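> following this: a sequence and the matching experimental structure.
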Amino acid sequence: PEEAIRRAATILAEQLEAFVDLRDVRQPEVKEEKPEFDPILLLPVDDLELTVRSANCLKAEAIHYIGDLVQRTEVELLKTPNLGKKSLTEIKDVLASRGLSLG
DNA sequence: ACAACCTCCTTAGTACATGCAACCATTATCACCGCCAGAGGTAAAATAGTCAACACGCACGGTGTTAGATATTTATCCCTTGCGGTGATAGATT
């Protein structure tokens, strides 16, 4: 269920002809949003730029946010689900380009 | 000599458990009315004071002007959307 969600649920894009402009009449009304900005200590782990469902199976450890990823030094790093290859390999130096670090 | 036994005698000891809703009456009955207490009343003076007078003196509030803030307008910027290209996932195996 950590794979079988992220387009498996957006099948909702096939249930909406009944309700959200049934015809040909998109009207002026907004989407009215949610912003919280770079590089705030609250921002999600996705704000390190990732590699397919690596994003899902990392945030599933409740390490959803960059602020505590700073603890994950190459001595005890693995506690997470899956997260097995390109993600895990070398991103640790571009982590230091938005500006974080380990030690 | 007493013993309990036959009969219907009467006595009287009890009657399971949990909970919620409602409001608090009926009596008549001379208390007499006489006396006098300290004890109610109030006049005149203690324990002390009112508020009107003429002064005193101040605060507050509303009218006026000023200040600056705010909500508008404008326009800029970024973060987000949705699709797409193609990503190393998920997890089966080494």
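Alright, I've got the coordinates. Numbering: from 1, shown residues only, chains lettered A, B, ... in the order given.
> where does residue A:31 sit relative to DNA strand B, distance-wise?
6 Å (C-beta to the nearest atom of the strand, to the nearest Å). (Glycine included, C-beta is placed from N, CA and C.)
> report how many residues lie close to that residue.
Neighbour count of residue A:31, defined by other C-beta atoms under 10 Å: 5.
> before we move on, what about residue A:41?
So residue A:41, with other C-beta under 10 Å, has 10 neighbours.
> which parts of chain A are helices?
Per DSSP state H, chain A carries helices over the ranges A:54-59, A:66-69, A:86-90, A:95-98.
> residue A:56 touches residue A:8, doesn't it?
No: the pair residue A:56 / residue A:8 is not scored as a contact, 11.8 Å apart, by C-beta atoms under 8 Å.
> for chain A, what lies in contact range of DNA strand B?
A:2-3, A:13, A:31, A:33-38, A:51-54, A:56-57, A:81-88 (C-beta under 7 Å from any atom of the strand).
> can you pull the contacts of residue A:65?
A:41-45 (C-beta atoms under 8 Å, 6 or more residues apart in numbering).
> which pair in the residues you listed spans the largest distance?
Using C-beta to C-beta, the pair of those lying farthest apart is A:41 and A:45, separated by 12.4 Å.
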